[PDB]
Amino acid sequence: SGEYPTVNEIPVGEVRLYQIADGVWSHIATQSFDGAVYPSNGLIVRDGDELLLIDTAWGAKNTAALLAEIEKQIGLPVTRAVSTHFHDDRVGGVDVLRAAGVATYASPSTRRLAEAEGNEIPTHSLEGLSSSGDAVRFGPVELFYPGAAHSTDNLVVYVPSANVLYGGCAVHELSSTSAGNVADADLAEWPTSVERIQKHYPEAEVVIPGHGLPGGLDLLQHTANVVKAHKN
C-alpha cells in the first residue's frame, strides 16, 4: 500500500511496480535460486508514448507478468530493453521480451558472457561502452560503464530528467550487510568503479540498487564500504 515492496510481500511469479519519479518506475519481482528466495529490481522509463525497460524480472514467467503489469498500470508499449549484466536476474526473460516485439540490447561483453554461461542473449550490441567511464545515450537514459564491480560487464543507468541513478547490482541497499552474490565480482576494482559513479553523477537524487530498497547517494558510499569489508 505505498512503501517499497520487500521479498516476503511478493510471491514468486508476481511483479510490482513502484513510481520513482515522473515517467520512472522500478519493477520488483522475486525468484528462487539455490533454495532461497530473493527480490530484484529493474527500471521502466517513459520514452514519449513508448517505454524503455531496464532489466528483466528474473525469469520467463516473471517477465511475462512484468509485461502484463505494465499494460495494466501504465498502458504504453515496451519497445526496447537493456540488460545491465549477463546474470539471469538481468537477461532471464529476454526470450519472452523478444517474442513480444521488444528489441533487446546489451553490451558486447554482456552478450558474450551470457552466451558462454547459457543464459538468454539480448539481440543487439551496445557499442561505445567498453572502457570504464564510457557513457552513451539510449532514449531517455544515459548508460555508463563504471568498470568491473559486481561483474566485469555491469552497466549503470541514469535518467537525467529525474536525476535517478539505477546502479543495478554494482550498488547495494543500505541494509546490505555483505556484498551479495560475488561469484563473478572484482572486489579489488569495485570501490574504484563506485568512485567513478560518484564522480560522474553528483546530482543524483534517487539511487536504486539491483536488489532492495532505493535511497539517496549514500547507497554508493555504503556499497564501497561493504565491499571493502567483505574483502577484509
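Here, rigid core means the biggest group of C-alpha atoms that superpose within 1.5 Å across both forms. Start at 1 with the first residue shown and count on from there.
A fit on the rigid core, followed by a root mean square over CA positions in 9 other deposited structures of this protein, ranks 6-14 against 20-28 and picks 6-14 as the more shifted one. Averaged over their C-alpha atoms, the temperature factors of 82-90 and 112-120 are higher for 112-120. As the entry records it, the average C-alpha temperature factor is higher for 195-203, out of 26-34 and 195-203. Each of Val171, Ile44, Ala57, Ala183 has a CA temperature factor in the record; the biggest one is found at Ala183. Sort the modelled residues of the chain by CA B factor and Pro11 lands in the highest third. In the PDB entry, a CA B factor belonging to the highest third of its chain's modelled residues is recorded for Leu217. Among the modelled residues of the chain, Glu142 sits in the lowest third by CA temperature factor in this PDB entry. Placement of the Cα temperature factor of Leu165 within the chain: lowest third of the modelled residues, per the deposited record. In the PDB entry, a CA B factor belonging to the middle third of its chain's modelled residues is recorded for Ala103.
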